[PDB]
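A structural walkthrough
Each chain, letter by letter, is given below.
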Amino acid sequence: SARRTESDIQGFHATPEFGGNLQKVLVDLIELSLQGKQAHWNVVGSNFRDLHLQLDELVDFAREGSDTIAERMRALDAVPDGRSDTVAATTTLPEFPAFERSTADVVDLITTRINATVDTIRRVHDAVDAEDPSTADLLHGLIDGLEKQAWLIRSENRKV
Amino acid sequence: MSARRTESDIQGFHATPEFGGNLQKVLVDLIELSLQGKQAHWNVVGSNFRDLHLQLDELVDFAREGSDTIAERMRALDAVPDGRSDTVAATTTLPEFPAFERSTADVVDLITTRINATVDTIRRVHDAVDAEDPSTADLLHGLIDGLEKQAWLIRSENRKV
Amino acid sequence: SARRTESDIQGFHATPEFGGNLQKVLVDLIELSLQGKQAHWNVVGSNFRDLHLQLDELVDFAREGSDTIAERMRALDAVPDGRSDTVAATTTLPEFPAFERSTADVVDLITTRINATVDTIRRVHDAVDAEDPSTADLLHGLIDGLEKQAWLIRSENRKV
Amino acid sequence: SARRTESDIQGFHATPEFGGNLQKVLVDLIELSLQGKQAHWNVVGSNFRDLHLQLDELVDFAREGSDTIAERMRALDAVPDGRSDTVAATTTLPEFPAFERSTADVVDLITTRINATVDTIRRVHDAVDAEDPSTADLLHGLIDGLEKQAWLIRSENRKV
Amino acid sequence: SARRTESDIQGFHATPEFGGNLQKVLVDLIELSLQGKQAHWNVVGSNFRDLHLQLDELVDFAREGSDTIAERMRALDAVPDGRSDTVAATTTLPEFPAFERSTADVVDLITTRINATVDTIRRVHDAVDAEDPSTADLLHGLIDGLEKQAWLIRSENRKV
Amino acid sequence: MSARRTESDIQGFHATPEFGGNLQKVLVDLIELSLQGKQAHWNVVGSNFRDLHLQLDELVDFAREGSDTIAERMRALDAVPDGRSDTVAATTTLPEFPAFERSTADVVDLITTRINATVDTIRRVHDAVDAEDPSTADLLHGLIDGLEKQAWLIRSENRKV
Amino acid sequence: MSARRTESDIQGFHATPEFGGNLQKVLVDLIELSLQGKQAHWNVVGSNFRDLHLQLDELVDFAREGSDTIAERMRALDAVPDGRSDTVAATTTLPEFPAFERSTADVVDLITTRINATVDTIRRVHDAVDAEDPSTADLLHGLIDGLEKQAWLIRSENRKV
Amino acid sequence: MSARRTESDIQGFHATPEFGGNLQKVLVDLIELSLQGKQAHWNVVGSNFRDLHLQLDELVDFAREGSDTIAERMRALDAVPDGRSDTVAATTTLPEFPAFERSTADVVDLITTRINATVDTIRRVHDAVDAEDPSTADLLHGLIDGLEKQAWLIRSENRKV
Amino acid sequence: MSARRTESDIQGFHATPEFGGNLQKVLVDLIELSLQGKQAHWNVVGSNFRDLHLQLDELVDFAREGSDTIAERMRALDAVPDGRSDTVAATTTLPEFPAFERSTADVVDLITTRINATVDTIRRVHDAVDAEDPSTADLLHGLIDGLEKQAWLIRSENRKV
Amino acid sequence: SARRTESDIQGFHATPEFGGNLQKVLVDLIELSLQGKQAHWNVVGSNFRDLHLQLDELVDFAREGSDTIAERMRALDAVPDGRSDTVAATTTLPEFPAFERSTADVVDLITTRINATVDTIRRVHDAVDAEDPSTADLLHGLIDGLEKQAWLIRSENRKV
Amino acid sequence: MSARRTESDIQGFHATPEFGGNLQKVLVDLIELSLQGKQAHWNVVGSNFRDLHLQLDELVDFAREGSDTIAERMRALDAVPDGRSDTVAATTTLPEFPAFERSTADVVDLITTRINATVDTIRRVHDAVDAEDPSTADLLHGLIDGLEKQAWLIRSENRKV
Amino acid sequence: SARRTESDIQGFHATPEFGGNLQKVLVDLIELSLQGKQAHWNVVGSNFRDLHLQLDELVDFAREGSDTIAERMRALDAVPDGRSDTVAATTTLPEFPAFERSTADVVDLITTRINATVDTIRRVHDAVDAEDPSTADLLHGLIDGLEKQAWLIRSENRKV
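As deposited, the entry is annotated with cryo-EM as its determination method and 2.9 Å as its resolution.

Okay, structure coming up:
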């Protein structure tokens with residue numbers, strides 16, 4: 001009775017600006033994963049084990065987030081681009097030092113990197129939400145996870 | 001001090017009839033999607049039969065979970081869901097499925113169209129549902145994104161280069 | 001030495017009457033699943049929780065049974081039809097009431113529905129078994145499960 | 001290269017009003033957990049087992065919700081206060097009776113207290129959403145869960 | 001539509017002879033469980049560990065079989081009676097010795113008792129199958145399991 | 001090497017016949033409790049059937065585990081348990097369980113009485129068992145705890161306040 | 001007041017040589033099916049390679065379990081199974097598998113025909129096996145319907161519209 | 001049948017009001033320990049944050065399980081536990097936990113002191129509890145063991161050798 | 001707040017040197033039992049090899065867990081365990097285990113004797129340990145129960161009836 | 001950059017001699033699996049259960065090893081041949097007796113068969129390793145597992 | 001009677017700069033393989049899309065595990081891995097992946113060639129790595145055969161008869 | 001066919017030098033396990049929890065390694081000797097201190113003892129690999145695991 005009598009019903013399509021914003025999020029997530037693995041390998045010093053395990057947890061979370069963002073881009077008829085050259089040439093995260101680093105320096109660096117990653121998502125959020133609340137919810141989840149990880153990492157260096 | 005309330009019977013949030021009707025529309029489309037997905041799951045045949053067979057079962061599981069969530073939300077908001085077969089058949093908006101064995105390309109086309117119809121209904125309902133209750137709007141967002149991911153995974157088989 | 005010299009060996013094929021009997025079973029299983037979900041949602045009153053959980057168990061069992069029957073139909077070169085219009089127009093289960101119902105009424109209604117579903121299987125059993133004992137075994141399993149569920153549901157209203 | 005230069009990138013901090021609203025939510029969640037445990041221990045009568053198990057599920061949900069809220073406060077650079085004296089002096093939930101109670105009375109009391117807990121979250125939701133949609137999402141999840149638990153508990157005493 | 005009009009469709013009820021046959025099976029299953037536990041505790045000698053574990057497996061199988069039979073009786077509107085006095089007065093298994101026994105004697109005794117238990121089921125099978133193939137299937141499963149356990153236990157004393 | 005004992009065969013602790021009989025009483029009562037719990041589990045009908053149906057299964061599982069533990073302790077202490085049906089029927093102390101279907105209130109009363117009888121037997125045996133072997137007294141403590149919790153969970157249904 | 005049997009040595013059910021031979025036929029066909037399924041699993045190439053690769057592993061697992069069940073039933077009925085390689089090769093009825101790499105369609109056809117041959121053997125044996133022992137006939141029914149489901153899942157790839 | 005008791009209603013062990021208050025003290029101290037453990041878990045900062053953050057969660061879980069066990073034992077022995085927030089705040093013996101963020105050394109000292117206070121309360125009540133019911137004394141032994149192991153694992157951080 | 005203690009540092013229970021030595025004896029015997037159990041597990045041959053091979057692994061796991069529990073209790077009670085190889089070898093009381101391959105009967109006899117020696121040591125220590133700390137006496141009870149069950153399960157192989 | 005400018009890069013290809021040596025290994029693994037199952041079924045006598053379970057473990061290990069070897073052949077562009085006629089006509093293991101056998105005879109036979117299977121691998125090891133250390137590692141694992149299984153089986157008959 | 005060493009600071013094995021460089025080459029190729037595998041996983045479209053989608057995810061997981069293992073081995077051998085994005089992009093040897101959506105056959109070809117390049121690099125490095133440290137050569141063998149199995153499973157899709 | 005005729009094919013037998021080398025490995029593994037447990041119990045100071053958990057992981061690894069070595073010795077027809085007196089008299093690890101130690105001292109001591117254990121295996125590796133590459137593979141795995149544990153432990157005391 002209420003059935004729709006057509007055979008071609010097409011889905012929601014993302015705008016190029018929306019795809020660009022999601023690309024901006026994805027590149028930073030991938031770079032965060034790579035730098036987290038770097039710090040996970042080369043951290044050394046007092047209280048080494050806790051940082052060694054927390055950085056692995058952060059890397060797992062960032063990998064899951066990047067996969068979720070790229071699959072959302074695919075679902076919205078966009079084309080993600082996560083190649084190494086593109087990530088290196090278009091990421092906004094500061095470069096990571098190349099040698100062994102103490103735990104305090106690693107804590108500071110990782111906190112700054114997570115803060116930059118969250119800032120990118122916060123800048124993208126209003127424009128994304130103006131079109132797709134479903135994508136805005138994914139952004140909310142990413143922000144929650146990243147901020148929790150940032151707290152758990154930064155609390156080591158607090159003085160009170 | 002003491003900030004405790006004295007009232008002994010505090011009542012909860014009650015939904016409006018229009019809100020209940022919108023949730024009923026979403027529920028009936030989810031149920032019809034589950035039934036049609038099982039039909040396609042059984043009667044599909046041809047190339048990539050195994051992949052279509054498994055993906056349609058995943059879609060059916062997702063749709064069943066979504067319909068249960070929507071109906072329980074209506075129950076929590078003091079509404080009465082109606083998921084009877086006669087009501088679903090008479091009030092669903094998805095086009096009817098073909099009766100006999102179908103090739104995999106035809107099944108891909110049909111399932112993509114029906115998933116698109118379901119998400120279109122949810123998107124039509126989302127504005128009023130969000131205006132009344134963002135807690136229910138969150139469930140609507142979850143359904144929309146899950147269904148769109150399933151639609152991508154199913155439709156990508158027929159896409160050319 | 002004893003190897004068969006054939007290149008195409010064909011399997012067992014079901015008769016249209018056998019397919020019709022299995023369709024009769026399948027339609028009632030699907031309608032039972034739908035009515036069980038409806039009662040699961042709309043039940044209310046004393047001893048609400050046990051009915052709420054038992055009806056979910058019954059729905060899971062009925063869904064598994066319908067899938068098994070339809071896959072057996074496919075294996076025997078038959079075509080199941082589980083569309084909503086077909087189920088609504090050809091089911092034998094009585095119609096379910098549309099509003100909130102007390103637990104005693106739900107117990108009575110669900111017991112009646114399960115009894116009708118079992119009666120259909122018992123009616124088609126001899127004709128099915130005359131051709132396919134392998135399908136008769138599936139019918140035996142369905143009857144066992146449905147009767148156990150009916151006992152567990154109906155025992156609530158017993159007075160002794 | 002689009003990499004940032006800043007080496008001390010800072011994060012998002014919450015306002016005192018935001019911290020106060022989250023404290024208002026947290027104290028009610030803790031008090032709900034304590035009262036749920038009390039009702040779980042001291043309930044007697046018909047449907048005792050179902051009430052016993054449902055109240056334990058509600059307590060588990062309230063505990064995880066309070067933990068989530070407090071960790072979000074820590075992530076946003078706020079300081080939660082979940083001490084017994086603070087909860088007792090600042091909670092808004094009505095006081096729970098001290099002796100053994102029948103299941104109908106426990107159902108009424110627990111439904112009332114869950115409704116009060118949900119009302120607090122609904123009161124703070126507008127401001128917390130205007131400041132941080134990421135926290136608004138957590139409060140949406142809390143409201144959904146609490147309302148489902150309220151329905152499951154309260155359906156026992158419905159007449160028809 | 002083909003929906004039924006009746007609102008009080010009744011189920012299948014068992015005859016007193018059917019109930020008696022199922023009681024005959026049930027008492028032997030319970031006695032087999034008790035004697036298996038006795039032999040499990042009081043066995044000594046060579047291959048003690050293997051006998052100790054195999055008898056526990058046999059007891060578990062007998063317990064689940066007795067539960068299945070009694071629940072089938074309940075589903076078919078019969079009343080099982082598995083009290084200690086009834087089992088002791090009406091069982092057909094030979095009495096078990098009261099003290100510590102070597103493994104060869106335990107093997108012989110347990111094999112004889114399993115054979116008697118299987119013989120009872122084979123005696124009642126024809127009538128129970130003529131009445132209810134659904135119950136005949138459960139008895140087929142019981143016979144299969146008991147005979148496999150009997151083989152596994154009895155193979156220890158075989159010469160070559 | 002300095003403190004090593006030169007003994008070639010060191011034997012363990014052996015239980016007296018009084019201790020063996022004290023454990024035999026507990027064993028036969030646990031077995032009879034398991035049998036009566038299964039009977040009540042099968043034949044209970046009436047209002048609130050499901051909760052009692054499941055709690056009786058929990059009680060039967062606990063009683064079976066306890067009887068196995070007691071019999072294995074008897075074996076470890078060089079005693080010979082006797083859990084045969086004739087012995088249990090002739091020497092158990094639990095009152096006989098009635099036949100036919102019973103309502104849930106009657107089943108609650110009967111099961112509470114029989115659990116209390118079992119706990120009373122364990123308490124009577126505990127003094128001598130503890131005076132001889134605290135390791136066995138600990139097992140008795142565990143059994144009393146479990147049985148009393150089961151008794152509370154079962155009897156609270158029929159309470160009136 | 002005692003129905004206990006006096007006989008101290010009670011013997012079980014013994015199978016006939018014809019029954020043992022029928023079960024031997026079923027066993028040897030199951031073993032040959034497992035071997036050929038593994039061969040096809042290794043040597044298949046072409047389109048839908050992954051799907052056939054996984055499905056053939058599932059079929060091989062099913063056939064191995066079925067052969068074990070049949071042989072253990074033979075042992076329980078006081079018969080002696082013979083699953084040696086020479087006996088299987090000299091007495092199996094399945095046509096031999098090709099020696100080299102095969103395409104997907106060829107593997108589908110070959111495996112479908114071999115599964116059909118195995119099911120035909122079991123169906124030929126079922127009448128006598130059921131006439132002697134319905135307990136073994138039940139295992140035969142389980143093998144038949146499992147193999148037919150596997151045959152449907154494998155053969156559905158090559159069907160047209 | 002010969003030794004069966006003819007009693008129709010056998011009642012169980014009942015706890016005295018002194019015993020009930022003795023268990024109430026343990027209950028309120030365990031609840032306050034759980035609350036203060038959660039507070040310290042949230043608000044701890046400084047060097048070696050993660051290990052203390054996780055150990056405090058372990059301590060809170062143990063204390064919650066212990067309080068549940070004590071209250072259920074009170075219910076089984078016909079007593080009425082009182083774990084309301086007002087009662088805990090008014091009648092607990094643990095010293096008040098300071099507010100705001102605290103370094104890890106201060107948290108270690110505070111948590112060690114409060115665990116020691118809880119164990120001291122349990123040790124004070126143990127004599128009378130054991131003199132009345134060894135079954136409850138066993139629960140007290142388990143609580144003391146767990147709390148002392150947690151105290152060692154937490155306090156070992158500040159040891160200087 | 002009314003009953004809160006004003007103490008700023010509350011210390012816990014401390015063990016005496018005699019108590020520490022009483023626990024040290026149990027510790028060294030458990031460690032030596034683990035080492036000899038592994039030795040017998042590796043070097044046993046003869047009839048019924050597999051059952052003894054697996055039971056000795058179970059015994060070794062139990063002894064390792066028990067030694068860890070005892071040492072952690074010593075740490076909790078402010079004692080210092082010493083489980084070094086030289087100390088164990090010089091102060092253990094278990095008789096030396098013979099070298100080379102041994103038959104299963106000899107291994108059964110040796111392992112039974114050494115388990116009995118360990119249990120005898122624990123029983124000798126139990127009186128003073130219980131007189132000082134029932135919480136530690138409970139751990140001793142658990143160890144005695146487990147070791148005696150293992151001894152029964154191992155020694156029952158050589159029984160002749 | 002250091003990126004390679006090729007569109008089709010060839011892999012490692014196995015020589016026919018290497019394929020033949022792996023075929024020699026595979027045939028013996030398959031024959032060992034079949035003979036292990038036969039001994040597992042037909043073993044009987046004292047200590048029956050231990051052999052019954054150890055032979056299952058041996059068969060599982062041999063099946064896994066044969067699958068690994070055949071998949072390595074496929075990866076190295078070779079074609080395995082595991083047909084029944086080929087195995088029967090080209091295996092090196094001695095024929096297995098056709099009837100029920102005591103546990104001592106089964107121990108001797110299985111030990112001999114495992115020794116022959118290990119001897120084949122040891123014979124082909126040097127030639128395999130001269131080309132592919134990656135395949136040599138698989139051979140090492142097979143030898144370790146087979147020798148451990150042989151020790152566990154053969155220790156039953158040891159007299160000291 | 002003591003073979004204990006007197007030296008108080010025994011140092012471990014240290015790798016050479018050439019060894020570190022070879023392991024760095026292996027690591028950078030593994031990282032680039034993971035990135036390109038994820039790219040192909042996202043942007044593959046056409047026939048057999050589901051199988052390619054799942055297999056590429058399996059390959060990415062394997063490559064990630066291998067890169068972690070290699071970097072941890074360098075850390076254990078006192079070397080410093082460098083897995084930064086700029087370094088990977090500037091020093092990897094795998095040819096770059098195309099930018100847009102690609103069909104199934106093209107993805108199969110590209111991934112096969114890149115896996116072959118990675119395993120070729122590992123084979124080039126293996127000789128020196130084995131000459132210095134067989135413990136690291138073992139990890140190299142594991143990487144080689146895992147990657148070759150993945151390459152077979154992926155490339156078999158396009159193979160003809 | 002190609003079937004062998006021999007019925008008593010024998011296996012590979014180890015030389016006394018091989019047995020001595022494996023005994024040298026085994027005694028050091030056992031002593032490492034004992035000293036790891038000692039350090040696990042008696043460690044105090046900063047990062048106590050991390051040292052406590054890492055030493056337990058090291059003890060588990062050493063236990064499984066010693067079991068693997070002894071079972072390989074048994075498979076190769078050798079007789080391991082892991083008695084307490086033998087370990088104490090023939091081990092090469094330095095003696096461990098007897099009282100409570102700070103975490104830095106425990107880190108130094110455990111790193112030294114792990115290095116000695118690895119040096120023993122590296123000393124015996126050439127001969128054991130010249131005789132049996134299958135055993136050389138087990139020693140490769142042991143070396144890899146021990147060196148990873150040594151890195152994870154010593155990284156705590158590294159300056160920068």
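Before going further, it helps to examine the packing of aromatic side chains. A full pass over the atoms with the stated rule returns 12 aromatic pairs over all chains. With 6.1 Å between their ring centres and 65 degrees between their planes, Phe48(C) and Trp151(D) make a pair best called edge-to-face. With one member in each of two chains, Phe48(C) in helix α2 (residues 48-75) and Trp151(D) in helix α5 (residues 133-154) form a pair that bridges those chains. Note on accessibility: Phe48(C) and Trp151(D) belong to one class, buried. Between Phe48(E) and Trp152(I) the ring centres are 6.1 Å apart and the planes differ by 65 degrees, which places this aromatic pair in the edge-to-face class. Taken together, the residues span two chains, with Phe48(E) in helix α2 (residues 48-75) and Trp152(I) in helix α5 (residues 134-155).

A few words on the UniProt feature "binding site: Mg(2+) 1" (unreviewed entry) in chain B. The sites that carry the UniProt feature "binding site: Mg(2+) 1" (unreviewed entry) are, in the present numbering, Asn48(B) and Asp51(B). If you trace the backbone, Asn48(B) turns up in the loop between β1 (44-45) and α2 (49-76). In this structure, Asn48(B) is in contact with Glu157(B), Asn48(G), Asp51(G), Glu157(G), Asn48(K) and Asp51(K), ignoring residues within four places of it in sequence. If sequence neighbours within four positions are ignored, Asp51(B) has contacts with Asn48(G), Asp51(G), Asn48(K), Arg50(K) and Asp51(K).

A few words now on the UniProt feature "binding site: Mg(2+) 2" (unreviewed entry) in chain B. UniProt's feature table lists "binding site: Mg(2+) 2" (unreviewed entry) at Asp138(B), given in the numbering used throughout. Structurally, the position occupied by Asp138(B) is in helix α5 (residues 134-155). With near-sequence residues (within four places) excluded, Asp138(B) lies in contact with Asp137(D) and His140(D).

This part takes up the pattern of salt bridges. Enumeration according to the criterion identifies 204 salt bridges over all chains in this entry. Between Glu58(I) and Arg49(E) there is a salt bridge; the shortest N-O distance is 3.4 Å. Of this pair, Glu58(I) sits in helix α2 (residues 49-76) while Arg49(E) sits in helix α2, each in a different chain. For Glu58(I), a relative accessible area of 37% puts it in the partly exposed group. The salt bridge partner of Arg122(E) is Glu147(E), with a shortest N-O separation of 2.6 Å.

Reading the values: the criteria
- Residues numbered from 1 in each chain as written, not as in the entry; some residues may be left out.
- Chains lettered and ligands numbered in written order.
- Heavy atoms only, no water.
- Residues with missing side-chain atoms left out of burial classes, pairs and counts.
- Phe/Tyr/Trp six-rings, centres within 6.5 Å; stacked < 30°, edge-to-face > 60°.
- Helix = DSSP H or I, 4+ residues; strand = E, 2+ residues; numbered from the N terminus.
- Buried < 20%, exposed > 50% of the residue type's maximum accessible area, 1.4 Å probe, protein only.
- UniProt positions renumbered as here; feature names shortened; annotations may be inferred.
- Contact = heavy atoms within 4.5 Å.
- Salt bridge = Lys/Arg side-chain N within 4 Å of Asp/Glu carboxyl O.

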